[PDB]
There are 2 protein chains.
Amino acid sequence: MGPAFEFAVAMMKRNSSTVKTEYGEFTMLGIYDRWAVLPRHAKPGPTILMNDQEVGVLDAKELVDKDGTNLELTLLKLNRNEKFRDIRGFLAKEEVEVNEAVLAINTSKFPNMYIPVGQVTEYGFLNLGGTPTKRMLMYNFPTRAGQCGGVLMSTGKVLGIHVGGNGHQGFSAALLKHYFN
Amino acid sequence: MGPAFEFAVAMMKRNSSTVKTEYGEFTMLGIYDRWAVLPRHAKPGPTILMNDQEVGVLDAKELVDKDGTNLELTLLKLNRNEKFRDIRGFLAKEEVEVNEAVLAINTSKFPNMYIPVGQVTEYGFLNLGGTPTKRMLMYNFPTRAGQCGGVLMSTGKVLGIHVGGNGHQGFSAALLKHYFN
Ligand SMILES: *[C@@H](CC(=O)OCC)[C@H](C[C@@H]1CCNC1=O)NC(=O)[C@H](Cc1ccccc1)NC(=O)[C@H](COC(C)(C)C)NC(=O)OCc1ccccc1
Ligand SMILES: *[C@@H](CC(=O)OCC)[C@H](C[C@@H]1CCNC1=O)NC(=O)[C@H](Cc1ccccc1)NC(=O)[C@H](COC(C)(C)C)NC(=O)OCc1ccccc1
């Protein structure tokens, strides 16, 4: 939990930004090069507001699996010269389970706030907002609107991105190494 | 920062609650016996909602110093049989400065969220919402409405209660040992 939070904070400082799409305000983790990730329901258009500045979106990939099932992630390539710090070494090849994770959020509504979510379990299939969705990671903590995009982390690992929630159960889309390339 | 967050979380689990007064929703640290603390501007009436339940307020002390200057703390004695875990050993005799503090919040709006605020400096006098106020602790982080009552902590220490903020500067009222008794 403690080394989780230390990792979480250093990672948010180096690789996250606050983004606005027409569909709301999100935390955004940049991954490597000009590629970042948002929840799919962030629905990025041709331009987004990153740290209050218009940034053109050169490409958005809505991620689905081999059967077209929603993974609730949108990869985006940014029209910007600054490259993100390569963090793909922190993404696992498959869905991570951990005893101690922190969820990290960084928006106008939740400015640099961290939640100790505890154990993260590979939940897998979840019908989320009426959309059958896979590779879900689940954690218990009281979820809230505005926390999507939050970055789920433990010591040495970026597990995924917060995309949904009901009640006191939160859900991240696993953020997997091979999504990058 | 890491051992700060571990301490913060264990302390919030053992001694904090979510409170509603007519003036809003607050984090509330219980200190010992039936005595807890709220920001003064929480303005507790004869009854409050603690963890969604009506609790009678048997006594509220608005704290001022020897010259009547606002300290922005209200001590309250709760009409309840459960005694708080005695935490006065975690309160200092004078205002604490630290290199690494976490601010801990626990309301419907910010449910179990933690902010790494960094260095806490004894700020002292501050005109806050038009009220000359003393024993202020200052930390840099983007403050928000709804975070009052938040508990400012480092490893082994409860420094104070969040009571105000402007811009990217936050302020706690130092929570001092001798306020208790
Ligand atoms: C993040 C987005 C946001 O706030 O909008 C603009 C900034 C938001 C966070 C959740 C809200 C409350 N708890 C949260 O963590 N994400 C969403 O609202 C999701 C949006 C979405 C994702 C994928 C497809 C379609 C929409 N939607 C949900 O989380 C959705 C909301 O339902 C209620 C009940 C919470 C209002 N949850 C959902 O469909 O859960 C199904 C479920 C989950 C677990 C057990 C049973 C059922
Ligand atoms: C907590 C209470 C709340 O949200 O209400 C019901 C739930 C709230 C938290 C601040 C809001 C934005 N930043 C915060 O951390 N606390 C307050 O609003 C304080 C209430 C109060 C305390 C003591 C006496 C009277 C009222 N008030 C402030 O923090 C006040 C708000 O001013 C603005 C500019 C932020 C809107 N701040 C203030 O007066 O600051 C003076 C100052 C501070 C530092 C440098 C220059 C000036």
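Counting starts at 1 for both ligands and their atoms, following the listed order. Sequence lines set the chain letters: A, B, ... in the order given, protein chains first and strands last, and positions in each chain run from 1. Scope of the values below: all heavy atoms of this structure, side chains included, with no hydrogens, waters or symmetry mates.
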Q: Check whether any protein heavy atom sits under 4.0 Å from atom 29 (O) of ligand 2.
A: yes
Q) Counting each atom of ligand 1 from 1 as listed, which ones have a heavy atom of A:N127 under 4.0 Å away? A) 41 (C)
(Q) Please check whether B:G146 reaches ligand 2 - meaning an N/O of the residue sits under 3.5 Å from an N/O of the ligand, judged on distance alone. (A) yes
Q | Within-cut-off N or O pair, B:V163 and ligand 2, under 3.5 Å | A | yes
Q: Could you tell me whether B:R40 and B:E72 have a side-chain N and a carboxylate O separated by less than 4.0 Å?
A: yes
(Q) Determine whether a donor-acceptor pair (N or O, by modelled atom type, separation under 3.5 Å) exists between the side chain of A:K177 and the backbone of A:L91. (A) yes
(Q) Please check: side-chain N/O of A:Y179 versus main-chain N/O of A:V37, any donor-acceptor pairing under 3.5 Å? (A) no
Q. Would B:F5 and B:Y114 count as a close aromatic pair, with their ring centres under 6.0 Å?
A. yes
(Q) As a check for students: among B:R144, B:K43, B:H41, identify the option with a heavy atom nearest to atom 26 (C) of ligand 2. (A) B:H41
Q) At what distance is the nearest protein heavy atom to atom 47 (C) of ligand 2, and which residue and atom is it? A) B:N166 OD1, 3.8 Å
Q. Would you find a donor on one side and an acceptor on the other, under 3.5 Å apart, between the side chain of B:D65 and the backbone of B:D67?
A. yes
Q.
Looking at A:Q119, is its backbone amide N or carbonyl O close enough to the side chain of A:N99 to form a donor-acceptor pair, meaning the two atoms are under 3.5 Å apart?
A. no
Q: Under 4.0 Å from a heavy atom of A:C148: give me the atoms of ligand 1 that qualify, with their elements.
A: 1 (C), 2 (C), 8 (C), 9 (C), 16 (N)
**Q.** Side-chain (A:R144) to main-chain (B:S108) donor-acceptor, under 3.5 angstrom
**A.** yes
Q | Check: B:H162 side chain, B:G164 main-chain N or O, donor-acceptor pair, under 3.5 Å | A | yes
Q.
Within the 4.0 Å heavy-atom shell around A:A145, which atoms of ligand 1 are there?
A. 4 (O), 11 (C), 12 (C)
Q | N or O pair under 3.5 Å between A:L126 and ligand 1 | A | no
**Q.** Flag for A:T133-A:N70: side-chain donor and acceptor within less than 3.5 Å
**A.** yes
Q. Which residue owns the protein heavy atom closest to atom 37 (N) of ligand 1, what's the atom, and how far is it?
A. A:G165 O, 3.1 Å
Q) Which atoms of ligand 1 have any heavy atom of A:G164 under 4.0 Å away? A) 14 (C), 15 (O), 16 (N), 29 (O)
Q. Nearest to atom 15 (O) of ligand 1, what protein heavy atom do you find, and at what distance?
A. A:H162 NE2, 2.8 Å
Q | Closest to atom 23 (C) of ligand 2 (judged by heavy-atom distance), picking from B:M138, B:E72, B:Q169 | A | B:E72
Q. Can you find an N/O atom of B:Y23 closer than 3.5 Å to an N/O atom of ligand 2?
A. no
Q | From the candidates A:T27, A:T21, A:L128, the one that places a heavy atom nearest atom 40 (O) of ligand 1 | A | A:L128
Q) Is it true that A:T133 lies under 4.0 Å from ligand 1, counting heavy atoms only? A) no
Q: Measure from the ring center of A:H168 to the ring center of A:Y139 and say whether it is less than 6.0 Å.
A: no
Q) Which of the numbered atoms in ligand 1 are below 4.0 angstrom from a heavy atom of A:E25? A) 7 (C)
Q) Looking only at atom types and distance, does a side-chain atom of A:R34 sit under 3.5 Å from a main-chain N or O of A:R80, one as donor and one as acceptor? A) yes
Q) Do any N or O atoms from the side chain of B:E122 and from the backbone of B:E95 form a donor-acceptor pair under 3.5 angstrom? A) no
Q.
List ligand 1 atoms under 4.0 Å from A:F171, heavy atoms only on the residue side.
A. 43 (C), 44 (C)
Q. Does an N or O anywhere in B:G129 fall below 3.5 Å from an N or O of ligand 2?
A. yes
Q) Going by the order shown, which atoms of ligand 1 are within less than 4.0 Å of some heavy atom of A:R40? A) 23 (C), 24 (C), 25 (C)
